[PDB]
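Visitor: Got target-v8.txt for you, compact mmCIF, N, CA and C atoms:
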# COMPACT_ATOMS: atom_id res chain seq x y z
N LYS A 1 19.91 -223.89 -180.81
CA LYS A 1 20.52 -222.77 -181.59
C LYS A 1 19.47 -221.70 -181.96
N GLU A 2 19.79 -220.45 -181.65
CA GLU A 2 18.84 -219.35 -181.81
C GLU A 2 18.55 -219.01 -183.27
N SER A 3 17.28 -219.05 -183.64
CA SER A 3 16.87 -218.69 -185.00
C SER A 3 16.99 -217.18 -185.19
N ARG A 4 17.08 -216.73 -186.45
CA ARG A 4 17.13 -215.30 -186.72
C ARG A 4 15.86 -214.60 -186.23
N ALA A 5 14.71 -215.26 -186.40
CA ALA A 5 13.43 -214.71 -185.93
C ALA A 5 13.44 -214.49 -184.41
N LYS A 6 13.90 -215.48 -183.65
CA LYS A 6 14.00 -215.32 -182.19
C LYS A 6 15.06 -214.30 -181.77
N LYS A 7 16.15 -214.22 -182.53
CA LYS A 7 17.17 -213.23 -182.23
C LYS A 7 16.61 -211.82 -182.40
N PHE A 8 15.76 -211.63 -183.42
CA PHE A 8 15.10 -210.34 -183.60
C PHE A 8 14.20 -210.00 -182.41
N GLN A 9 13.45 -210.99 -181.91
CA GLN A 9 12.61 -210.73 -180.75
C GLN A 9 13.47 -210.36 -179.52
N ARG A 10 14.58 -211.09 -179.32
CA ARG A 10 15.44 -210.86 -178.18
C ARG A 10 16.04 -209.45 -178.24
N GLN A 11 16.51 -209.07 -179.42
CA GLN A 11 17.23 -207.81 -179.59
C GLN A 11 16.31 -206.60 -179.76
N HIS A 12 15.06 -206.82 -180.19
CA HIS A 12 14.23 -205.69 -180.62
C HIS A 12 12.78 -205.65 -180.20
N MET A 13 12.31 -206.68 -179.50
CA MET A 13 10.89 -206.71 -179.11
C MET A 13 10.68 -206.61 -177.61
N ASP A 14 9.64 -205.87 -177.23
CA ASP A 14 9.20 -205.89 -175.86
C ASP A 14 7.70 -205.75 -175.83
N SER A 15 7.03 -206.86 -176.12
CA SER A 15 5.57 -206.86 -176.19
C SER A 15 4.92 -206.97 -174.81
N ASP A 16 5.65 -207.51 -173.83
CA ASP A 16 4.98 -207.94 -172.58
C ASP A 16 5.02 -206.96 -171.41
N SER A 17 6.00 -206.08 -171.37
CA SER A 17 6.09 -205.18 -170.23
C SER A 17 5.08 -204.07 -170.39
N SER A 18 4.90 -203.29 -169.32
CA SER A 18 4.03 -202.11 -169.39
C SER A 18 4.53 -201.15 -170.49
N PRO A 19 3.63 -200.35 -171.07
CA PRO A 19 4.02 -199.46 -172.18
C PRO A 19 5.11 -198.43 -171.82
N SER A 20 5.17 -198.03 -170.55
CA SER A 20 6.00 -196.89 -170.11
C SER A 20 7.41 -197.24 -169.60
N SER A 21 8.41 -197.02 -170.46
CA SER A 21 9.83 -197.20 -170.14
C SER A 21 10.34 -196.14 -169.15
N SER A 22 10.75 -196.57 -167.96
CA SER A 22 11.36 -195.68 -166.95
C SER A 22 12.82 -195.36 -167.29
N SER A 23 13.43 -194.49 -166.50
CA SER A 23 14.79 -194.02 -166.76
C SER A 23 15.86 -195.12 -166.76
N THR A 24 15.60 -196.22 -166.05
CA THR A 24 16.58 -197.32 -165.97
C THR A 24 16.20 -198.54 -166.81
N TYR A 25 15.11 -198.45 -167.56
CA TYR A 25 14.71 -199.51 -168.50
C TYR A 25 15.86 -199.99 -169.38
N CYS A 26 16.57 -199.07 -170.03
CA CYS A 26 17.62 -199.49 -170.97
C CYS A 26 18.82 -200.13 -170.26
N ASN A 27 19.16 -199.61 -169.09
CA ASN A 27 20.28 -200.20 -168.32
C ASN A 27 20.02 -201.68 -168.08
N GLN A 28 18.79 -201.98 -167.68
CA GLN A 28 18.39 -203.35 -167.39
C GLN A 28 18.22 -204.17 -168.65
N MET A 29 17.48 -203.65 -169.62
CA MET A 29 17.21 -204.39 -170.86
C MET A 29 18.45 -204.73 -171.67
N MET A 30 19.40 -203.80 -171.76
CA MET A 30 20.58 -204.05 -172.60
C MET A 30 21.43 -205.19 -172.03
N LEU A 31 21.45 -205.33 -170.70
CA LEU A 31 22.08 -206.48 -170.06
C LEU A 31 21.22 -207.75 -170.24
N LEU A 32 19.93 -207.66 -169.92
CA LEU A 32 19.00 -208.80 -169.97
C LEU A 32 19.01 -209.48 -171.34
N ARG A 33 19.00 -208.65 -172.38
CA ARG A 33 18.90 -209.12 -173.76
C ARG A 33 20.23 -209.38 -174.43
N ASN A 34 21.30 -209.42 -173.63
CA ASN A 34 22.63 -209.79 -174.12
C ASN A 34 23.21 -208.87 -175.17
N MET A 35 23.03 -207.57 -174.97
CA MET A 35 23.61 -206.59 -175.88
C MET A 35 24.79 -205.82 -175.27
N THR A 36 25.30 -206.33 -174.16
CA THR A 36 26.48 -205.71 -173.53
C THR A 36 27.54 -206.77 -173.22
N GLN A 37 27.62 -207.75 -174.11
CA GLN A 37 28.64 -208.81 -174.01
C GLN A 37 29.94 -208.38 -174.67
N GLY A 38 30.91 -208.01 -173.83
CA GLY A 38 32.23 -207.60 -174.28
C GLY A 38 32.31 -206.20 -174.82
N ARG A 39 31.16 -205.54 -174.89
CA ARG A 39 31.07 -204.21 -175.48
C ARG A 39 29.74 -203.64 -175.05
N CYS A 40 29.60 -202.32 -175.09
CA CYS A 40 28.32 -201.68 -174.82
C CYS A 40 27.75 -201.31 -176.19
N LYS A 41 26.69 -201.98 -176.63
CA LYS A 41 26.15 -201.61 -177.94
C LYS A 41 25.73 -200.14 -177.86
N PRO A 42 26.22 -199.30 -178.77
CA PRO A 42 25.98 -197.86 -178.67
C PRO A 42 24.51 -197.43 -178.73
N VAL A 43 23.74 -198.03 -179.64
CA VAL A 43 22.35 -197.64 -179.82
C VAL A 43 21.55 -198.88 -180.14
N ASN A 44 20.42 -199.06 -179.46
CA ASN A 44 19.53 -200.18 -179.76
C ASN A 44 18.10 -199.77 -179.58
N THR A 45 17.23 -200.33 -180.42
CA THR A 45 15.81 -200.01 -180.39
C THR A 45 14.97 -201.23 -180.00
N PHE A 46 14.09 -201.05 -179.01
CA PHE A 46 13.09 -202.05 -178.65
C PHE A 46 11.73 -201.51 -179.08
N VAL A 47 10.89 -202.41 -179.57
CA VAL A 47 9.55 -202.06 -180.05
C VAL A 47 8.52 -202.51 -179.02
N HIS A 48 7.72 -201.56 -178.51
CA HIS A 48 6.66 -201.83 -177.52
C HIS A 48 5.34 -201.98 -178.29
N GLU A 49 5.20 -203.05 -179.06
CA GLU A 49 3.94 -203.33 -179.75
C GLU A 49 3.69 -204.82 -179.71
N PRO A 50 2.46 -205.25 -179.96
CA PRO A 50 2.15 -206.67 -180.09
C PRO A 50 2.96 -207.31 -181.22
N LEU A 51 3.40 -208.56 -181.00
CA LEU A 51 4.22 -209.24 -182.01
C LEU A 51 3.53 -209.31 -183.39
N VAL A 52 2.24 -209.61 -183.40
CA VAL A 52 1.53 -209.75 -184.69
C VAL A 52 1.61 -208.45 -185.50
N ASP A 53 1.54 -207.31 -184.82
CA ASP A 53 1.57 -206.00 -185.49
C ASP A 53 2.91 -205.77 -186.15
N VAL A 54 3.96 -206.22 -185.50
CA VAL A 54 5.31 -206.09 -186.04
C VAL A 54 5.54 -207.11 -187.17
N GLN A 55 5.07 -208.34 -186.99
CA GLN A 55 5.15 -209.34 -188.06
C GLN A 55 4.43 -208.91 -189.33
N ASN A 56 3.27 -208.26 -189.16
CA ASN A 56 2.46 -207.79 -190.29
C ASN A 56 3.18 -206.74 -191.12
N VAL A 57 4.20 -206.11 -190.55
CA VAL A 57 4.99 -205.15 -191.30
C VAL A 57 5.58 -205.80 -192.54
N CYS A 58 5.83 -207.11 -192.45
CA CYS A 58 6.42 -207.89 -193.54
C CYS A 58 5.56 -208.00 -194.80
N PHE A 59 4.33 -207.49 -194.77
CA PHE A 59 3.55 -207.34 -195.99
C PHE A 59 3.00 -205.92 -196.14
N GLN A 60 3.66 -204.98 -195.47
CA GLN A 60 3.30 -203.56 -195.60
C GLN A 60 4.16 -202.86 -196.66
N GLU A 61 4.68 -201.67 -196.37
CA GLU A 61 5.32 -200.90 -197.44
C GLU A 61 6.72 -201.37 -197.83
N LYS A 62 6.88 -201.79 -199.09
CA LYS A 62 8.17 -202.26 -199.54
C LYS A 62 9.12 -201.07 -199.73
N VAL A 63 10.29 -201.16 -199.10
CA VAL A 63 11.33 -200.14 -199.21
C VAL A 63 12.70 -200.81 -199.35
N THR A 64 13.64 -200.12 -199.98
CA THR A 64 15.00 -200.62 -200.06
C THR A 64 15.68 -200.59 -198.67
N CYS A 65 16.32 -201.70 -198.30
CA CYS A 65 17.12 -201.75 -197.07
C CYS A 65 18.26 -200.73 -197.15
N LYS A 66 18.76 -200.29 -196.00
CA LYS A 66 19.81 -199.28 -196.02
C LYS A 66 21.05 -199.73 -196.77
N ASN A 67 21.25 -201.03 -196.92
CA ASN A 67 22.44 -201.50 -197.64
C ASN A 67 22.32 -201.32 -199.15
N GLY A 68 21.14 -200.92 -199.61
CA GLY A 68 20.92 -200.56 -201.01
C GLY A 68 20.66 -201.75 -201.92
N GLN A 69 20.63 -202.94 -201.32
CA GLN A 69 20.56 -204.19 -202.08
C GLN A 69 19.82 -205.25 -201.27
N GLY A 70 18.57 -204.96 -200.96
CA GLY A 70 17.67 -205.92 -200.35
C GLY A 70 16.29 -205.32 -200.23
N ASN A 71 15.27 -206.19 -200.18
CA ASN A 71 13.88 -205.81 -199.89
C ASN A 71 13.60 -205.74 -198.39
N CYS A 72 13.20 -204.57 -197.91
CA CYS A 72 12.83 -204.33 -196.50
C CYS A 72 11.40 -203.84 -196.49
N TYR A 73 10.83 -203.70 -195.30
CA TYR A 73 9.44 -203.29 -195.14
C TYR A 73 9.31 -202.22 -194.08
N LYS A 74 8.58 -201.16 -194.42
CA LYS A 74 8.32 -200.05 -193.53
C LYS A 74 6.91 -200.18 -192.93
N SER A 75 6.79 -200.04 -191.61
CA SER A 75 5.47 -200.07 -190.98
C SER A 75 4.59 -198.92 -191.46
N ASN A 76 3.35 -199.23 -191.80
CA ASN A 76 2.40 -198.19 -192.20
C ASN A 76 2.23 -197.19 -191.07
N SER A 77 2.18 -197.71 -189.84
CA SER A 77 1.93 -196.87 -188.68
C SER A 77 3.21 -196.53 -187.91
N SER A 78 3.21 -195.37 -187.26
CA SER A 78 4.25 -195.07 -186.30
C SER A 78 3.99 -195.95 -185.09
N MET A 79 5.05 -196.54 -184.57
CA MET A 79 4.93 -197.47 -183.47
C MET A 79 5.61 -196.94 -182.21
N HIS A 80 5.18 -197.43 -181.04
CA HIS A 80 5.90 -197.14 -179.80
C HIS A 80 7.21 -197.88 -179.75
N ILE A 81 8.30 -197.13 -179.71
CA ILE A 81 9.62 -197.74 -179.58
C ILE A 81 10.36 -197.07 -178.44
N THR A 82 11.43 -197.71 -177.99
CA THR A 82 12.33 -197.09 -177.02
C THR A 82 13.73 -197.20 -177.60
N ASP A 83 14.43 -196.07 -177.71
CA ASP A 83 15.83 -196.09 -178.09
C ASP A 83 16.66 -196.11 -176.82
N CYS A 84 17.63 -197.00 -176.81
CA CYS A 84 18.63 -197.05 -175.75
C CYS A 84 19.91 -196.48 -176.32
N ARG A 85 20.38 -195.37 -175.75
CA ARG A 85 21.60 -194.71 -176.22
C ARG A 85 22.67 -194.66 -175.13
N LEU A 86 23.83 -195.24 -175.44
CA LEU A 86 24.95 -195.33 -174.50
C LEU A 86 25.43 -193.95 -174.07
N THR A 87 25.58 -193.76 -172.76
CA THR A 87 26.04 -192.47 -172.23
C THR A 87 27.51 -192.25 -172.57
N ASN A 88 27.90 -191.00 -172.80
CA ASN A 88 29.25 -190.69 -173.25
C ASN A 88 30.40 -191.25 -172.39
N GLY A 89 30.25 -191.23 -171.07
CA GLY A 89 31.29 -191.76 -170.18
C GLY A 89 31.38 -193.28 -170.01
N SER A 90 30.46 -194.02 -170.63
CA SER A 90 30.34 -195.47 -170.36
C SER A 90 31.42 -196.30 -171.02
N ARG A 91 31.97 -197.25 -170.26
CA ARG A 91 32.90 -198.23 -170.81
C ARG A 91 32.56 -199.59 -170.23
N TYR A 92 32.57 -200.60 -171.10
CA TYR A 92 32.25 -201.98 -170.72
C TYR A 92 33.09 -202.36 -169.49
N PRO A 93 32.52 -203.06 -168.51
CA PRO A 93 31.13 -203.55 -168.47
C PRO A 93 30.09 -202.57 -167.89
N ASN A 94 30.53 -201.35 -167.59
CA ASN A 94 29.66 -200.34 -167.01
C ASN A 94 28.87 -199.60 -168.08
N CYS A 95 27.93 -200.33 -168.68
CA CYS A 95 27.19 -199.86 -169.85
C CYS A 95 25.90 -199.18 -169.40
N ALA A 96 25.96 -197.85 -169.19
CA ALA A 96 24.77 -197.06 -168.82
C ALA A 96 24.15 -196.40 -170.04
N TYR A 97 22.82 -196.34 -170.04
CA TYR A 97 22.05 -195.93 -171.20
C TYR A 97 21.05 -194.86 -170.85
N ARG A 98 20.81 -193.95 -171.80
CA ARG A 98 19.69 -193.03 -171.77
C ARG A 98 18.52 -193.80 -172.40
N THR A 99 17.36 -193.75 -171.75
CA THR A 99 16.13 -194.38 -172.23
C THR A 99 15.28 -193.31 -172.90
N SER A 100 14.96 -193.51 -174.18
CA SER A 100 14.23 -192.51 -174.95
C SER A 100 13.03 -193.13 -175.67
N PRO A 101 11.86 -193.10 -175.04
CA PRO A 101 10.63 -193.55 -175.68
C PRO A 101 10.19 -192.57 -176.76
N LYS A 102 9.73 -193.12 -177.88
CA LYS A 102 9.28 -192.30 -178.98
C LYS A 102 8.37 -193.06 -179.91
N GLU A 103 7.75 -192.33 -180.83
CA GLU A 103 6.89 -192.95 -181.83
C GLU A 103 7.55 -192.79 -183.19
N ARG A 104 7.84 -193.92 -183.82
CA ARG A 104 8.51 -193.94 -185.12
C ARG A 104 8.00 -195.10 -185.97
N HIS A 105 8.03 -194.95 -187.30
CA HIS A 105 7.85 -196.14 -188.15
C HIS A 105 9.11 -196.98 -188.02
N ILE A 106 8.95 -198.29 -188.14
CA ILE A 106 10.11 -199.19 -188.16
C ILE A 106 10.28 -199.73 -189.55
N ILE A 107 11.53 -200.02 -189.89
CA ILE A 107 11.85 -200.65 -191.16
C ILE A 107 12.59 -201.92 -190.80
N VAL A 108 12.09 -203.04 -191.31
CA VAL A 108 12.68 -204.34 -190.99
C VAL A 108 12.95 -205.16 -192.27
N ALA A 109 13.92 -206.07 -192.19
CA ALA A 109 14.12 -207.12 -193.20
C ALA A 109 13.44 -208.37 -192.66
N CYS A 110 12.76 -209.10 -193.54
CA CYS A 110 11.98 -210.27 -193.15
C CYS A 110 12.49 -211.52 -193.87
N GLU A 111 12.28 -212.68 -193.27
CA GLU A 111 12.69 -213.92 -193.90
C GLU A 111 11.98 -215.12 -193.29
N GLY A 112 12.05 -216.24 -194.02
CA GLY A 112 11.50 -217.53 -193.58
C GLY A 112 10.02 -217.75 -193.88
N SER A 113 9.50 -218.89 -193.44
CA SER A 113 8.06 -219.14 -193.47
C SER A 113 7.69 -219.66 -192.08
N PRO A 114 6.82 -218.94 -191.35
CA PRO A 114 6.22 -217.71 -191.85
C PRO A 114 7.24 -216.58 -191.96
N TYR A 115 6.88 -215.57 -192.75
CA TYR A 115 7.79 -214.50 -193.14
C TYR A 115 7.72 -213.42 -192.09
N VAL A 116 8.78 -213.34 -191.29
CA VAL A 116 8.79 -212.51 -190.09
C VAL A 116 10.07 -211.69 -190.01
N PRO A 117 10.08 -210.61 -189.24
CA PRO A 117 11.29 -209.79 -189.13
C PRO A 117 12.49 -210.55 -188.58
N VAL A 118 13.63 -210.38 -189.26
CA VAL A 118 14.89 -210.92 -188.78
C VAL A 118 15.95 -209.83 -188.57
N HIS A 119 15.68 -208.61 -189.04
CA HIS A 119 16.66 -207.53 -188.87
C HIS A 119 15.94 -206.20 -188.69
N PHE A 120 16.38 -205.43 -187.69
CA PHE A 120 15.88 -204.09 -187.49
C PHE A 120 16.78 -203.16 -188.31
N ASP A 121 16.20 -202.59 -189.37
CA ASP A 121 17.02 -201.85 -190.33
C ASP A 121 17.16 -200.35 -190.03
N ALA A 122 16.06 -199.71 -189.67
CA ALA A 122 16.06 -198.27 -189.46
C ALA A 122 14.73 -197.88 -188.83
N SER A 123 14.65 -196.63 -188.38
CA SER A 123 13.36 -196.08 -187.94
C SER A 123 13.11 -194.76 -188.65
N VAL A 124 11.86 -194.34 -188.70
CA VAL A 124 11.51 -193.13 -189.47
C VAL A 124 10.73 -192.19 -188.59
N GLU A 125 11.20 -190.95 -188.53
CA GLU A 125 10.55 -189.89 -187.76
C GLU A 125 9.77 -189.00 -188.73
N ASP A 126 8.44 -189.06 -188.69
CA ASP A 126 7.64 -188.20 -189.54
C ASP A 126 7.73 -186.77 -189.04
N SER A 127 7.84 -185.82 -189.97
CA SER A 127 7.84 -184.41 -189.59
C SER A 127 6.43 -184.04 -189.14
N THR A 128 6.33 -183.06 -188.25
CA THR A 128 5.04 -182.53 -187.84
C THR A 128 4.99 -181.05 -188.16
Could you spell out this file's structure in structure tokens?
Guide:
Amino acid sequence: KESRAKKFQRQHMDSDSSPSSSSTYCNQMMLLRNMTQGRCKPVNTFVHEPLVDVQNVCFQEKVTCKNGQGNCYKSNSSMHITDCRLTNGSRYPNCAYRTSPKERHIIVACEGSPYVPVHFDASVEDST
């Protein structure tokens, strides 16, 4: 039975592939990671960083979760992420995605011992 910690890695981590997401990365990943079962998940974020760096977020900046009633953590650093966004014409099982690499802070909810991310809460785009 899949732990919440492992589910977070499945749904939101990509530490092992090359840093550069190609145009068909999301098409493949959203199927591979089981996010197109019975539905095309509209938007999903994968984090292209080492696992330890993402785990360490759990003792970084304390912020309120978007639900307004929980402790979440914001990464001190902007991280390499890829947003997968469902194309307007897509209908299950033909779930096609736009692949959008970007640099954003991540906000996660953490749990367990060791205390590690179990929920991807939001991302933050710093103004330039």
Visitor: Show me, as a VMD selection string, the residues that have an atom within 10 Å of stretch 61-76 of chain A when counting only C-alpha atoms, minus same-chain residues fewer than 4 positions from it.
Guide: chain A and resid 53 to 57 104 to 111 117 119 to 124
Visitor: A:36, A:44, A:113, A:18: which is nearest residue A:94, counting only C-alpha atoms?
Guide: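 Comparing A:36, A:44, A:113, A:18 against residue A:94, the winner is A:36.
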Visitor: Can you work out which one of A:16, A:83, A:103, A:2 has the shortest atom-to-atom distance to residue A:30, counting only C-alpha atoms?
Guide: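 Among the listed residues, A:83 lies closest to residue A:30.
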Visitor: One decimal, in Å: what's the spacing between atom C of residue A:90 and atom CA of residue A:35?
Guide: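 Separation between atom C of residue A:90 and atom CA of residue A:35: 13.8 Å.
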Visitor: Residues of chain A in strand (DSSP E) according to DSSP, as a ChimeraX atom specification?
Guide: /A:43-47,61-64,71-74,79-86,97-111,116-124
Visitor: Please save N, CA and C atoms of the selected residues as a CSV table (one decimal), in the frame of the given file.
Guide:
chain,number,residue,atom,x,y,z
A,43,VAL,N,23.7,-198.0,-179.6
A,43,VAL,CA,22.4,-197.6,-179.8
A,43,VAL,C,21.6,-198.9,-180.1
A,44,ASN,N,20.4,-199.1,-179.5
A,44,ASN,CA,19.5,-200.2,-179.8
A,44,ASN,C,18.1,-199.8,-179.6
A,45,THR,N,17.2,-200.3,-180.4
A,45,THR,CA,15.8,-200.0,-180.4
A,45,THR,C,15.0,-201.2,-180.0
A,46,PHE,N,14.1,-201.0,-179.0
A,46,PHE,CA,13.1,-202.0,-178.6
A,46,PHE,C,11.7,-201.5,-179.1
A,47,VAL,N,10.9,-202.4,-179.6
A,47,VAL,CA,9.6,-202.1,-180.0
A,47,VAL,C,8.5,-202.5,-179.0
A,61,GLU,N,4.7,-201.7,-196.4
A,61,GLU,CA,5.3,-200.9,-197.4
A,61,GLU,C,6.7,-201.4,-197.8
A,62,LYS,N,6.9,-201.8,-199.1
A,62,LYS,CA,8.2,-202.3,-199.5
A,62,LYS,C,9.1,-201.1,-199.7
A,63,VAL,N,10.3,-201.2,-199.1
A,63,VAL,CA,11.3,-200.1,-199.2
A,63,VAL,C,12.7,-200.8,-199.4
A,64,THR,N,13.6,-200.1,-200.0
A,64,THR,CA,15.0,-200.6,-200.1
A,64,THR,C,15.7,-200.6,-198.7
A,71,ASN,N,15.3,-206.2,-200.2
A,71,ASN,CA,13.9,-205.8,-199.9
A,71,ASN,C,13.6,-205.7,-198.4
A,72,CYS,N,13.2,-204.6,-197.9
A,72,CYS,CA,12.8,-204.3,-196.5
A,72,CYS,C,11.4,-203.8,-196.5
A,73,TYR,N,10.8,-203.7,-195.3
A,73,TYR,CA,9.4,-203.3,-195.1
A,73,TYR,C,9.3,-202.2,-194.1
A,74,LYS,N,8.6,-201.2,-194.4
A,74,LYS,CA,8.3,-200.0,-193.5
A,74,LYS,C,6.9,-200.2,-192.9
A,79,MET,N,5.0,-196.5,-184.6
A,79,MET,CA,4.9,-197.5,-183.5
A,79,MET,C,5.6,-196.9,-182.2
A,80,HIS,N,5.2,-197.4,-181.0
A,80,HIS,CA,5.9,-197.1,-179.8
A,80,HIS,C,7.2,-197.9,-179.8
A,81,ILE,N,8.3,-197.1,-179.7
A,81,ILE,CA,9.6,-197.7,-179.6
A,81,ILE,C,10.4,-197.1,-178.4
A,82,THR,N,11.4,-197.7,-178.0
A,82,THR,CA,12.3,-197.1,-177.0
A,82,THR,C,13.7,-197.2,-177.6
A,83,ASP,N,14.4,-196.1,-177.7
A,83,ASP,CA,15.8,-196.1,-178.1
A,83,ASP,C,16.7,-196.1,-176.8
A,84,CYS,N,17.6,-197.0,-176.8
A,84,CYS,CA,18.6,-197.0,-175.8
A,84,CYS,C,19.9,-196.5,-176.3
A,85,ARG,N,20.4,-195.4,-175.8
A,85,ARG,CA,21.6,-194.7,-176.2
A,85,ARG,C,22.7,-194.7,-175.1
A,86,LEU,N,23.8,-195.2,-175.4
A,86,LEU,CA,25.0,-195.3,-174.5
A,86,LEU,C,25.4,-194.0,-174.1
A,97,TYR,N,22.8,-196.3,-170.0
A,97,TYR,CA,22.0,-195.9,-171.2
A,97,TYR,C,21.0,-194.9,-170.8
A,98,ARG,N,20.8,-194.0,-171.8
A,98,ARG,CA,19.7,-193.0,-171.8
A,98,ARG,C,18.5,-193.8,-172.4
A,99,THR,N,17.4,-193.8,-171.8
A,99,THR,CA,16.1,-194.4,-172.2
A,99,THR,C,15.3,-193.3,-172.9
A,100,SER,N,15.0,-193.5,-174.2
A,100,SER,CA,14.2,-192.5,-175.0
A,100,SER,C,13.0,-193.1,-175.7
A,101,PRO,N,11.9,-193.1,-175.0
A,101,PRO,CA,10.6,-193.6,-175.7
A,101,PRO,C,10.2,-192.6,-176.8
A,102,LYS,N,9.7,-193.1,-177.9
A,102,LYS,CA,9.3,-192.3,-179.0
A,102,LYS,C,8.4,-193.1,-179.9
A,103,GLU,N,7.8,-192.3,-180.8
A,103,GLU,CA,6.9,-193.0,-181.8
A,103,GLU,C,7.6,-192.8,-183.2
A,104,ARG,N,7.8,-193.9,-183.8
A,104,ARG,CA,8.5,-193.9,-185.1
A,104,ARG,C,8.0,-195.1,-186.0
A,105,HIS,N,8.0,-195.0,-187.3
A,105,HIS,CA,7.8,-196.1,-188.2
A,105,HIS,C,9.1,-197.0,-188.0
A,106,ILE,N,9.0,-198.3,-188.1
A,106,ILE,CA,10.1,-199.2,-188.2
A,106,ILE,C,10.3,-199.7,-189.6
A,107,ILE,N,11.5,-200.0,-189.9
A,107,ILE,CA,11.8,-200.6,-191.2
A,107,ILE,C,12.6,-201.9,-190.8
A,108,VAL,N,12.1,-203.0,-191.3
A,108,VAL,CA,12.7,-204.3,-191.0
A,108,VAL,C,13.0,-205.2,-192.3
A,109,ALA,N,13.9,-206.1,-192.2
A,109,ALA,CA,14.1,-207.1,-193.2
A,109,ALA,C,13.4,-208.4,-192.7
A,110,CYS,N,12.8,-209.1,-193.5
A,110,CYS,CA,12.0,-210.3,-193.2
A,110,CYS,C,12.5,-211.5,-193.9
A,111,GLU,N,12.3,-212.7,-193.3
A,111,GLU,CA,12.7,-213.9,-193.9
A,111,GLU,C,12.0,-215.1,-193.3
A,116,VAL,N,8.8,-213.3,-191.3
A,116,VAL,CA,8.8,-212.5,-190.1
A,116,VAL,C,10.1,-211.7,-190.0
A,117,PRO,N,10.1,-210.6,-189.2
A,117,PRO,CA,11.3,-209.8,-189.1
A,117,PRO,C,12.5,-210.6,-188.6
A,118,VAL,N,13.6,-210.4,-189.3
A,118,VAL,CA,14.9,-210.9,-188.8
A,118,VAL,C,16.0,-209.8,-188.6
A,119,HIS,N,15.7,-208.6,-189.0
A,119,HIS,CA,16.7,-207.5,-188.9
A,119,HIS,C,15.9,-206.2,-188.7
A,120,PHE,N,16.4,-205.4,-187.7
A,120,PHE,CA,15.9,-204.1,-187.5
A,120,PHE,C,16.8,-203.2,-188.3
A,121,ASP,N,16.2,-202.6,-189.4
A,121,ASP,CA,17.0,-201.8,-190.3
A,121,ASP,C,17.2,-200.4,-190.0
A,122,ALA,N,16.1,-199.7,-189.7
A,122,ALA,CA,16.1,-198.3,-189.5
A,122,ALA,C,14.7,-197.9,-188.8
A,123,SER,N,14.6,-196.6,-188.4
A,123,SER,CA,13.4,-196.1,-187.9
A,123,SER,C,13.1,-194.8,-188.6
A,124,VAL,N,11.9,-194.3,-188.7
A,124,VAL,CA,11.5,-193.1,-189.5
A,124,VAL,C,10.7,-192.2,-188.6
Visitor: Chain A: which residues are helix (DSSP H, G or I) by DSSP, as number ranges by chain?
Guide: A: 4-12, 25-32, 51-59
Visitor: Counting only C-alpha atoms, which residue out of A:37, A:60, A:21, A:127 sits closest to residue A:81?
Guide: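 Smallest distance to residue A:81 is found for A:21.
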Visitor: At a cut-off of 6 Å, using all atoms listed in the file, what residues contact stretch 85-89 of chain A? Leave out same-chain residues fewer than 5 positions from it and give the result as a compact mmCIF listing (two decimals) with N, CA and C atoms, keeping the file's coordinate frame.
Guide:
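What landed in around17.txt:
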# COMPACT_ATOMS: atom_id res chain seq x y z
N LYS A 41 26.69 -201.98 -176.63
CA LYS A 41 26.15 -201.61 -177.94
C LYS A 41 25.73 -200.14 -177.86
N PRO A 42 26.22 -199.30 -178.77
CA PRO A 42 25.98 -197.86 -178.67
C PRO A 42 24.51 -197.43 -178.73
N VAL A 43 23.74 -198.03 -179.64
CA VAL A 43 22.35 -197.64 -179.82
C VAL A 43 21.55 -198.88 -180.14
N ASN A 44 20.42 -199.06 -179.46
CA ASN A 44 19.53 -200.18 -179.76
C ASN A 44 18.10 -199.77 -179.58
N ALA A 96 25.96 -197.85 -169.19
CA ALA A 96 24.77 -197.06 -168.82
C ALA A 96 24.15 -196.40 -170.04
N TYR A 97 22.82 -196.34 -170.04
CA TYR A 97 22.05 -195.93 -171.20
C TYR A 97 21.05 -194.86 -170.85
N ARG A 98 20.81 -193.95 -171.80
CA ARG A 98 19.69 -193.03 -171.77
C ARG A 98 18.52 -193.80 -172.40
N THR A 99 17.36 -193.75 -171.75
CA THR A 99 16.13 -194.38 -172.23
C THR A 99 15.28 -193.31 -172.90
N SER A 100 14.96 -193.51 -174.18
CA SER A 100 14.23 -192.51 -174.95
C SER A 100 13.03 -193.13 -175.67
Visitor: Mind pulling up the distance from atom CA of residue A:13 to atom CA of residue A:52?
Guide: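 Interatomic distance here is 11.3 Å.
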Visitor: How many Å lie between atom CA of residue A:118 and atom N of residue A:8, rounded to one decimal?
Guide: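 Atom-to-atom, atom CA of residue A:118 and atom N of residue A:8 are spaced 5.5 Å apart.
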Visitor: Which residues are close to residue A:14, i.e. within 8 Å by only C-alpha atoms, leaving aside same-chain residues fewer than 6 positions away? Reply as a list in words.
Guide: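 Residues near the query, excluding close chain neighbours: residues 46, 47, 48 and 49 of chain A.
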